[PDB]
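Below, read A as the first sequence line, B as the second, and so on, with proteins coming before strands; counting in each chain starts at 1.
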Amino acid sequence: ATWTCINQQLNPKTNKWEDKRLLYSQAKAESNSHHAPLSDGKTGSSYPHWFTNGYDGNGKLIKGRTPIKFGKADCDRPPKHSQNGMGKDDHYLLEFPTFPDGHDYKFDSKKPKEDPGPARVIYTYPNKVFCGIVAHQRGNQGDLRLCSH
RNA sequence: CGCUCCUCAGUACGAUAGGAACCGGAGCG
Ligand SMILES: [K+]
Ligand SMILES: [K+]
Ligand SMILES: [K+]
């Protein structure tokens with residue numbers, strides 16, 4: 001499967017934000033999630049880490065929030081995320097940088113830290129069930145929204 | 001006392017997608 005994200009990027013010459021169509025291979029994104037550690041933070045880059053998808057640790061939805069519908073029961077279930085995100089009963093979503101070229105993000109480096117880019121592969125803790133590809137609409141900041149596939 | 005860098009630490013904390021400080025190290029005023 002191929003996922004497409006439209007990410008606005010600032011063209012210097014026109015000083016205006018333009019739509020860049022970015023394509024991701026699900027197979028490569030999944031491989032990225034397997035190469036990354038099964039932890040929540042605790043790495044030099046901070047990734048991978050808990051993706052709340054609008055909930056708090058007790059599966060309670062933050063008011064005025066619509067979680068992303070992934071289409072897989074495991075991915076759409078309200079999460080159970082304890083303090084360290086390592087409880088022996090936890091189940092929640094993790095986000096990790098993913099790129100069109102498929103390379104593995106250098107999760108262990110803090111200084112300098114690799115640019116995570118606009119996209120993330122979202123997968124479950126602790127079985128790493130693939131959920132989807134999400135990305136920032138503008139540059140590398142703001143909320144993350146589900147890309148198409 | 002103030003400012004820059006390291007470290008503390010991607011820790012504490014946070015959930016608008018981020019993120020300290022004390023102690024300690026190196027400087028300038
Ligand atoms: K954390
Ligand atoms: K400091
Ligand atoms: K100090």
Handout entry: Heavy-atom donor-acceptor pair, A:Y125 side chain to A:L38 backbone, under 3.5 Å
Key =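 Not at all, since once roles are kept as given, no pair shorter than 3.5 Å links the two residues.
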Exercise for the section: List the steps and the verdict of ring pair (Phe, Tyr, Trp, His ring centres under 6.0 Å) for A:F130 and A:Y123. Expected result: CA-CA 5 Å; A:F130 174 79; A:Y123 55 106; 8.9 Å; no
Practice task
Establish, from distance only, whether the side-chain atoms of A:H81 and A:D40 form a donor-acceptor pair under 3.5 Å.
Solution key: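 A:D40 and A:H81 do have a side-chain donor-acceptor pair below 3.5 Å.
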Practice task
Could you tell me whether the side chains of A:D19 and A:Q8 share a donor-acceptor contact shorter than 3.5 Å?
Solution key: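 Absent: no donor and acceptor within the cut-off.
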Practice task
Assign B:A15 to north (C3'-endo side) or south (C2'-endo side) according to its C1'-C2'-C3'-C4' torsion.
Solution key: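 That sugar belongs to the south family, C2'-endo side.
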Handout entry: Sugar geometry class by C1'-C2'-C3'-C4' for B:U11
Key =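 Positive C1'-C2'-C3'-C4' torsion, north pucker.
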For the [atom1] atoms, the ones on [N] and on [M], what distance do you get once it is rounded to whole angstrom?
N: B:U7; M: B:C23; atom1: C1'; answer: 11 Å
N: B:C22; M: B:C8; atom1: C1'; answer: 9 Å
N: B:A20; M: B:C13; atom1: P; answer: 15 Å
N: B:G18; M: B:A9; atom1: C1'; answer: 14 Å
N: B:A12; M: B:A21; atom1: P; answer: 15 Å
N: B:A15; M: B:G24; atom1: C1'; answer: 32 Å
N: B:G10; M: B:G19; atom1: P; answer: 15 Å

Problem - For A:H103, ring-ring contact (aromatic ring centres under 6.0 Å, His included) partners two or more places apart - result: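 So A:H103 forms a ring-ring contact (aromatic ring centres under 6.0 Å, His included) with A:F99.
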Describe the nucleic acid contact of [X] in one word from base, sugar-phosphate, nothing, applying a heavy-atom distance below 4.0 Å.
X: A:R120; result: nothing
X: A:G142; result: base
X: A:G44; result: base

Exercise for the section: Tell me, please, if B:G18 and B:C13 meet the Watson-Crick or G-U wobble pairing rule with both distances under 3.5 Å? Expected result: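 B:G18 and B:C13 meet the Watson-Crick or G-U wobble geometry.
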Exercise for the section: Report the base-pairing partner of B:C3 (Watson-Crick or G-U wobble, both distances below 3.5 angstrom), or none. Expected result: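 B:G27 is the nucleotide pairing with B:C3.
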Problem - chain A footprint on RNA chain B, 5' to 3' - any atom under 4.0 Å from a heavy atom - result: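 Contact boundaries, 5' end first: B:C6 to B:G19.
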Practice task
Could you pick out which residue, A:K113 or A:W50, lies toward the 5' side of RNA chain B when each is mapped onto its nearest nucleotide?
Solution key: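 Nearer the 5' end of the strand: A:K113.
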Practice task
Please tell me which of A:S46 and A:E95 maps to the more 5' nucleotide of RNA chain B, matching each residue to the nucleotide holding its nearest heavy atom.
Solution key: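 On the 5' side of the pair lies A:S46.
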Practice task
Please collect all salt bridge (charged side-chain N to carboxylate O under 4.0 Å, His left out) contacts where either partner lies in residues 72-98 of chain A, sequence neighbours excluded, each pair once.
Solution key: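 Every salt bridge (charged side-chain N to carboxylate O under 4.0 Å, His left out) pair that includes a residue of residues 72-98 of chain A, provided the two are not neighbours, is A:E95-A:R120.
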Exercise for the section: May I ask you to check whether over 12 heavy atoms, not counting those of A:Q141, lie within 6.0 Å of atom CD? Expected result: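 No, CD of A:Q141 has 12 or fewer neighbouring heavy atoms, counting only those of other groups under 6.0 Å.
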